[PDB]
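Results of the structural survey
Now for the letters of each chain:
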Amino acid sequence: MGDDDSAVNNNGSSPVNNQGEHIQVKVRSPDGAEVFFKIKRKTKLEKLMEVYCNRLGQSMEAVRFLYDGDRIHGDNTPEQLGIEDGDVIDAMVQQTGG
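Residues numbered from 1 in each chain as written, not as in the entry; some residues may be left out. Heavy atoms only, no water.

Per the deposited record, solution NMR is how this structure was determined.

Under its PDB header, the title given for this structure is "Solution structure of SUMO from Plasmodium falciparum".

So, in structure tokens, the structure goes:
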């Protein structure tokens, strides 16, 4: 069953990619510190907050995630608000502070 794709040749991976091609977001740990996070594929705020959950050993119901200054759902995505690559997220102690 002859497929051309497996025999088309021209295989390889050239450096057709730049460092700032992807996305970058800083989730300012709410203590006067800010850790650089990064987005590679289309990945909404969900993984940005969960990797943070796993990072501090405390999940997102215990860290209110505000981005562009305003808390919201992770499924809202960055560009949907108008702010993207170079943006920041702030996680405060729980949703109601307690």
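The structure having been displayed, the exposition proceeds.
This brings us to the nonpolar core. Where a protein is soluble and globular, its nonpolar side chains tend to be buried together. Judged by nonpolar contacts, the single largest core of 14 residues is most densely connected at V25, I39, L45, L48, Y52 and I89. For this core, the secondary structure elements donating two or more residues are β1 (23-28), β2 (35-39), α1 (45-56), β3 (63-67) and β5 (87-93). Per-element tally for this core: the top contributor is α1, with 4 residues. Apart from the residues lying within four places of it in its own chain, the contact partners of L48 are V25, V27, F37, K38, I39 and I89. (Core = buried A, V, L, I, M, F, W, Y, C linked by side-chain atoms within 4.5 Å. Buried < 20%, exposed > 50% of the residue type's maximum accessible area, 1.4 Å probe, protein only. Helix = DSSP H or I, 4+ residues; strand = E, 2+ residues; numbered from the N terminus. Contact = heavy atoms within 4.5 Å.)

The full count for this structure, using the stated rule, is 2 salt bridges. The closest approach of N and O atoms between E34 and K26, which form a salt bridge, is 2.7 Å. Residue classification places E34 among the partly exposed residues on the basis of a relative accessible area of 38%. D90 is the salt-bridge partner of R28, the closest N and O atoms lying 2.6 Å from each other. One end of the pair, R28, is in strand β1; the other, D90, is in strand β5, with 62 residues separating them in the sequence. For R28, a relative accessible area of 36% corresponds to the partly exposed category. (Salt bridge = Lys/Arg side-chain N within 4 Å of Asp/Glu carboxyl O.)

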